[PDB]
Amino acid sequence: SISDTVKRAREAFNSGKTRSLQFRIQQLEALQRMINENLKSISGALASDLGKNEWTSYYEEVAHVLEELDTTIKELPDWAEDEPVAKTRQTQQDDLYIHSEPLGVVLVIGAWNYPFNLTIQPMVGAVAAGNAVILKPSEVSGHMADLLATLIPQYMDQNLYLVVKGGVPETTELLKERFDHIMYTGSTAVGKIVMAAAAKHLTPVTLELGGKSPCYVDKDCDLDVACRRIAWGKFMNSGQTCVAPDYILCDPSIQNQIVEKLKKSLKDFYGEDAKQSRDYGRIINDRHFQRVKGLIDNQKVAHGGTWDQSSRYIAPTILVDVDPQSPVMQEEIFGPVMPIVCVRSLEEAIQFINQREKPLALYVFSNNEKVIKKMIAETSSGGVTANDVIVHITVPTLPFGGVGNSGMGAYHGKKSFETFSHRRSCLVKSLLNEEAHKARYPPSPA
């Protein structure tokens, strides 16, 4: 069966229909009308999985896919043209260009936290490059899994773009098929499993994993604006975002000031009780609810610390004077718990960060430009945003991807089209004349 589904998609790609640029634009526009016409359903699905509301849904997920769709629908023609290359002395009379072409069948494996985004956005790039795409939605956010399984065949081509539903068993069986590229977003442990399956077929993979994205706060920094931005990004989806400020690094002198401004900003967004605000989200499930909660134990709780097991609620909690060897500083906190670790100097912040796996993101808050550049020039991470948070992943002109444990590969905008296609180097010398190649053929000069 799963095999039959993969076959159906490959044979249809072999038909050559996706070779038409016109076709891709129509499909892309189908995807676009699918979203617009079903915003309500998508929002509702999102509400049932993570308790989002019409606004957080659109602005945090859906609105990003739509910007992607718009960029690529408009630029695709330019992206598809043969890219000319710089000629060398030897190639002055020859054509040297780069030809892009579909890879074939791409597997897009999504995640639960942003179930609509982490599945449809990569797909925009995959359809743009002329590939057939098989979506494997996360089963953890089951409501969106179903919606996508129903919506896709109502708008997309039913032979080229297919949705496979299922948990671990369905995926494992699916990873035995042969794809020309596997896009995966999830955990570092499972990322390994994915790559290992791909090795058996020599298939290339794009891996967006995660880690602990540090957030360095410099003394010379408007702490009011700084903390207003940091709080937004950190509690945005109940702390469940891949490029979220996992923990704060700062000098002990501003330790408490950070705390006050954070809780201030918390009040401005969610009022006195977060559990009252409709804009605050709920944790995905019980297992994660227990693990995030357990991370607050034997810790110095300065704010928050309360939770509601029934609604899978966990109050915007802040922790102070945290021990880097404690569990909140040993695992990626995929929740609303903000630890604050203290470092005596910038040198100290850098050594700290560099003593751990490379993160998907790195943030620096400072008024001193030199501090911003020294942080960047001396650390390594997928992407970076100085004096803000999350935002770098939202710019089409900035490719999104990790390094080391944060993963490999990138994918927003044109970088998506490139990744889901092959870039073939062609040197054309249709000039079968002017054979001044004499010097290359033997016999060798005596």
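Residue positions are given as counts along the sequence shown, with the first one as 1.
Q: 375-383 versus 62-70: which one carries the higher mean Cα B factor per the record?
A: Between 62-70 and 375-383, it is 62-70.
Q: Could you settle it for me: does 357-365 or 166-174 have the higher average Cα B factor in the PDB entry?
A: The recorded data point to 166-174.
Q: Sort 113, 238, 206, 90 by C-alpha B-factor from the entry and give me just the highest.
A: Among 113, 238, 206, 90, the highest C-alpha B-factor in the entry belongs to 90.
Q: Hey, out of 419, 32, 53, 397, whose CA B-factor is highest in the deposited coordinates?
A: In the PDB entry, the greatest C-alpha B-factor among 419, 32, 53, 397 is found at 53.
Q: Just say lowest, middle or highest third for the CA B-factor of residue 246 relative to the other modelled residues in its chain.
A: Its C-alpha B-factor, which the entry lists for residue 246, ranks in the lowest third among residues of this chain.
Q: Taking the values exactly as deposited, rank residue 154 by C-alpha B-factor within its chain and report the matching third: lowest, middle or highest.
A: It belongs to the middle third of the chain when residues are ordered by C-alpha B-factor.
Q: Consider only the C-alpha atoms of the modelled residues in this chain, order them by B-factor as the entry records it, and name the third containing residue 430: lowest, middle or highest.
A: Top third by C-alpha B-factor.
Q: Can you tell me whether residue 405 has a C-alpha B-factor in the lowest, middle or highest third compared with the other modelled residues of the same chain?
A: Lowest third - that is where residue 405 ends up once the chain's C-alpha B-factors are sorted.
Q: Taking only the Cα B-factors deposited for this chain, tell me whether residue 280 sits in the lowest, middle or highest third.
A: Its C-alpha B-factor belongs to the highest third of this chain's values.
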